[PDB]
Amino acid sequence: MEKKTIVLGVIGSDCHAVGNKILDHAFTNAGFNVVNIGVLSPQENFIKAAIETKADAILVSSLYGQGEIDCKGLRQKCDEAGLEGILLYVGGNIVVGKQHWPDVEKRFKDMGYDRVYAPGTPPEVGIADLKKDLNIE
């Protein structure tokens, strides 16, 4: 696969780190340039990284459940930042508790995320979606 850049991080006051390490590994292994801003990252850090590195996509991981709060607004800041149409993915354990998944996907897509992923999503799924979305399968 043709090389592309993504920003990877864990948003808000979330300190979960193992998924981040694995996602970095698997996306790197698939030929992406992974810009990993790591844990406990506010929106602004994702956006800064995207601009500095001219990222093709931003993958927001949220494990701790408060991402329903923390994820609101990123699309707007990205547009204000000059990142119109950038791919925005969100995955992990993105709401507090077991919820009806179609409800959760619509909540985050209405928030401006291109793709919304449920608990236990394999990296390979997001890698396929990202290749397809960047027209590089």
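Note that residue numbering follows the sequence shown and begins at 1.
Mean C-alpha B factor from the entry: is it higher for 35-43 or for 102-110? Higher of the two, by average CA B-factor, is 102-110.
Tell me which stretch has the larger mean Cα B-factor in this entry, 62-70 or 45-53. Higher of the two, by average CA B-factor, is 45-53.
Please pick out which of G120, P123, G19, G9 has the largest Cα B-factor as recorded in the entry. It is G120.
Name the residue from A26, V95, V90, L87 with the greatest C-alpha temperature factor listed in the entry. Highest CA B-factor of the listed options: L87.
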